[PDB]
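All remarks here apply to the structure that follows.
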Amino acid sequence: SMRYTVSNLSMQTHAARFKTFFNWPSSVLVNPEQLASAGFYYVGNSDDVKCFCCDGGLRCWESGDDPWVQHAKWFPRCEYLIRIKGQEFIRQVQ
Amino acid sequence: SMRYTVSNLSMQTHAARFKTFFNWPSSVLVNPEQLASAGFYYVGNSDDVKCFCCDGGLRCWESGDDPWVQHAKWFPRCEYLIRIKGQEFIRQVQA
Ligand SMILES: [Zn+2]
Ligand SMILES: [Zn+2]
């Protein structure tokens with residue numbers, strides 16, 4: 001067996017993730033560009049997103065929700081979140 | 001936002017983990033019995049499994065893979081692994 005850190009290899013790029021928000025509702029008010037930058041792609045319902053790396057799923061996004069802060073709130077061990085924001089950032093949010 | 005994906009905390013029992021392997025691919029030649037015993041549950045994607053305790057992810061399972069040995073190979077600090085098999089076993093595998 002091999003260790004893996006990335007659940008969805010097909011969603012590793014920003015463009016691949018951002019494309020999934022083509023049919024995302026304008027009533028949500030969290031920006032799909034920022035969601036995509038934070039590792040998330042749209043998977044169903046009104047606003048379900050998953051992280052391509054940790055495979056964590058978040059929904060019921062509130063206006064003013066910060067995609068990176070939510071990622072660190074719920075999924076602090078995510079290796080993508082660590083690579084971009086660093087463990088200091090995560091420790092701060094936790 | 002709210003999490004909706006499954007938590008490692010729901011996978012603490014052998015039975016709950018075993019249950020996840022209902023659709024485990026026939027082509028993957030490692031038995032769900034030994035996987036569940038070793039702390040792993042199936043995440044529904046391909047042959048990806050995760051440990052309920054250390055959250056380690058393993059894929060690409062090969063014929064004859066011993067899940068306990070693989071757990072010790074890749075995640076030697078896992079507290080579940082330590083509790084069941086011991087550090088003597090883990091050290092043995094690591095060298
Ligand atoms: Zn993540
Ligand atoms: Zn483990």
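Residues are named by chain letter and number: chains run A, B, ... in the order of the structure tokens, numbers start at 1 in each chain, and ligands are numbered from 1 in the order shown.
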Distance-based interface of chain B with chain A, 8 Å, counting only C-alpha atoms, as a ChimeraX atom specification: /B:1-5,56-62,65,70,74
Resulting file, chosen residues, N, CA and C atoms, as a PDB file, in the first residue's frame:
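Contents of result_3.pdb, as written:
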ATOM      1  N   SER B   1     -19.871  27.901   8.109  1.00  0.00           N
ATOM      2  CA  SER B   1     -20.217  26.671   7.343  1.00  0.00           C
ATOM      3  C   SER B   1     -20.283  25.481   8.272  1.00  0.00           C
ATOM      4  N   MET B   2     -20.856  24.394   7.777  1.00  0.00           N
ATOM      5  CA  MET B   2     -21.057  23.187   8.570  1.00  0.00           C
ATOM      6  C   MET B   2     -20.477  21.985   7.860  1.00  0.00           C
ATOM      7  N   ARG B   3     -19.752  21.157   8.601  1.00  0.00           N
ATOM      8  CA  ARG B   3     -19.248  19.896   8.078  1.00  0.00           C
ATOM      9  C   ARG B   3     -20.392  18.906   7.847  1.00  0.00           C
ATOM     10  N   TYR B   4     -20.336  18.171   6.739  1.00  0.00           N
ATOM     11  CA  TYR B   4     -21.313  17.130   6.472  1.00  0.00           C
ATOM     12  C   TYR B   4     -20.694  15.790   6.144  1.00  0.00           C
ATOM     13  N   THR B   5     -19.369  15.732   6.042  1.00  0.00           N
ATOM     14  CA  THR B   5     -18.705  14.500   5.675  1.00  0.00           C
ATOM     15  C   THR B   5     -18.459  13.673   6.945  1.00  0.00           C
ATOM     16  N   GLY B  56      -4.496   8.482   8.953  1.00  0.00           N
ATOM     17  CA  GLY B  56      -3.653   8.100   7.835  1.00  0.00           C
ATOM     18  C   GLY B  56      -4.449   7.482   6.696  1.00  0.00           C
ATOM     19  N   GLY B  57      -4.055   7.829   5.469  1.00  0.00           N
ATOM     20  CA  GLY B  57      -4.728   7.344   4.280  1.00  0.00           C
ATOM     21  C   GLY B  57      -3.817   6.436   3.515  1.00  0.00           C
ATOM     22  N   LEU B  58      -4.325   5.270   3.140  1.00  0.00           N
ATOM     23  CA  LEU B  58      -3.590   4.323   2.327  1.00  0.00           C
ATOM     24  C   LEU B  58      -4.397   3.923   1.096  1.00  0.00           C
ATOM     25  N   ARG B  59      -3.708   3.814  -0.035  1.00  0.00           N
ATOM     26  CA  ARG B  59      -4.318   3.291  -1.247  1.00  0.00           C
ATOM     27  C   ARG B  59      -3.319   2.376  -1.931  1.00  0.00           C
ATOM     28  N   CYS B  60      -3.711   1.912  -3.109  1.00  0.00           N
ATOM     29  CA  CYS B  60      -2.855   1.107  -3.935  1.00  0.00           C
ATOM     30  C   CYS B  60      -2.473  -0.197  -3.242  1.00  0.00           C
ATOM     31  N   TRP B  61      -3.491  -0.871  -2.709  1.00  0.00           N
ATOM     32  CA  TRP B  61      -3.326  -2.128  -1.993  1.00  0.00           C
ATOM     33  C   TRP B  61      -2.985  -3.244  -2.953  1.00  0.00           C
ATOM     34  N   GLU B  62      -1.955  -4.001  -2.594  1.00  0.00           N
ATOM     35  CA  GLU B  62      -1.426  -5.087  -3.404  1.00  0.00           C
ATOM     36  C   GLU B  62      -1.728  -6.424  -2.761  1.00  0.00           C
ATOM     37  N   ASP B  65      -0.744  -7.782   0.908  1.00  0.00           N
ATOM     38  CA  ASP B  65      -0.548  -6.691   1.872  1.00  0.00           C
ATOM     39  C   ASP B  65      -1.200  -7.065   3.208  1.00  0.00           C
ATOM     40  N   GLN B  70       1.280  -2.681   7.100  1.00  0.00           N
ATOM     41  CA  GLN B  70       1.201  -1.419   6.341  1.00  0.00           C
ATOM     42  C   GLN B  70       0.929  -0.218   7.240  1.00  0.00           C
ATOM     43  N   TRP B  74       3.737   2.893   7.482  1.00  0.00           N
ATOM     44  CA  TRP B  74       3.446   4.277   7.122  1.00  0.00           C
ATOM     45  C   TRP B  74       3.103   5.191   8.287  1.00  0.00           C
TER      46      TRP B  74
END
Within 6 Å of ligand 1, counting only C-alpha atoms and all ligand atoms: which residues, as a PyMOL selection string? chain A and resi 51+53-54+56+78+80-81
Mind writing the picked residues with N, CA, C and O atoms as a short mmCIF file (atom, residue, chain, number, x, y, z; two decimals), in the first residue's frame?
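What ended up in result36.cif:
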data_model
loop_
_atom_site.label_atom_id
_atom_site.label_comp_id
_atom_site.auth_asym_id
_atom_site.auth_seq_id
_atom_site.Cartn_x
_atom_site.Cartn_y
_atom_site.Cartn_z
N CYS A 51 -13.02 19.55 -0.20
CA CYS A 51 -11.59 19.81 -0.45
C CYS A 51 -11.00 18.69 -1.27
O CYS A 51 -11.18 17.51 -0.97
N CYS A 53 -8.01 17.77 -1.37
CA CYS A 53 -6.94 17.15 -0.62
C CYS A 53 -7.50 16.30 0.52
O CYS A 53 -7.44 15.09 0.45
N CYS A 54 -8.05 16.94 1.54
CA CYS A 54 -8.50 16.24 2.74
C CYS A 54 -9.88 15.56 2.59
O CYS A 54 -10.26 14.75 3.44
N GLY A 56 -12.68 16.79 3.04
CA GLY A 56 -13.65 17.36 3.97
C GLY A 56 -14.74 18.08 3.23
O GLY A 56 -14.47 18.78 2.26
N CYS A 78 -5.38 19.06 7.13
CA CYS A 78 -5.34 19.04 5.67
C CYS A 78 -3.97 19.46 5.14
O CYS A 78 -3.53 20.56 5.43
N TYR A 80 -3.02 20.32 2.19
CA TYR A 80 -3.08 21.47 1.28
C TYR A 80 -3.15 22.76 2.07
O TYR A 80 -2.42 23.72 1.80
N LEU A 81 -4.06 22.79 3.03
CA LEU A 81 -4.16 23.92 3.95
C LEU A 81 -2.81 24.25 4.62
O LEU A 81 -2.44 25.41 4.74
#
Please write out the residues within 10 Å of ligand 2 as a PyMOL selection string, counting only C-alpha atoms and all ligand atoms. chain B and resi 38-40+50-57+68+71-72+74-82
Fewer than 4 positions away in the same chain doesn't count, so skip those; otherwise give me all residues within 12 Å of residue 42 (chain B), counting only C-alpha atoms, as a list in words. residues 6, 8, 11, 16, 17, 18, 19, 20, 21, 22, 23, 24, 25, 31, 32, 33, 35, 36, 46, 47, 48, 49, 50, 51, 52, 57, 58 and 59 of chain B
Write down as an NGL selection string the residues of chain A whose backbone DSSP state falls under helix (DSSP H, G or I). :A and (9-11 or 14-23 or 32-37 or 67-74 or 79-93)
Extract, using only C-alpha atoms, all DNA, RNA and protein residues at most 9 Å from residue 25 (chain A), discarding same-chain residues fewer than 3 positions from it, and format them as JSON, numbers by chain. {"A": [21, 28, 29, 46, 47]}
Neighbours of residue 23 (chain A) within 12 Å (only C-alpha atoms; same-chain residues fewer than 5 positions away dropped), as a ChimeraX atom specification? /A:18,32,41-47
Which residue, A:92, A:10, A:68, A:15, has the smallest gap to residue 35 (chain A) when you use only C-alpha atoms? A:68
As a list in words, list the residues of chain B assigned to strand (DSSP E or B) by DSSP on the backbone atoms of this structure.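 Here are the strand (DSSP E or B) residues of chain B: residues 2, 3, 40, 41, 42, 49, 50, 51, 57, 58 and 59 of chain B.
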Atomic separation - CA of residue 38 (chain A) relative to CA of residue 16 (chain A), Å: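 Computed distance, CA of residue 16 (chain A) to CA of residue 38 (chain A), equals 12.9 Å.
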Between CA of residue 34 (chain B) and CA of residue 83 (chain B), what is the spacing in Å? 16.5 Å
Please compute the CA of residue 20 (chain A)-CA of residue 83 (chain A) distance, one decimal, in Å.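 Atom-to-atom, CA of residue 20 (chain A) and CA of residue 83 (chain A) are spaced 22.7 Å apart.
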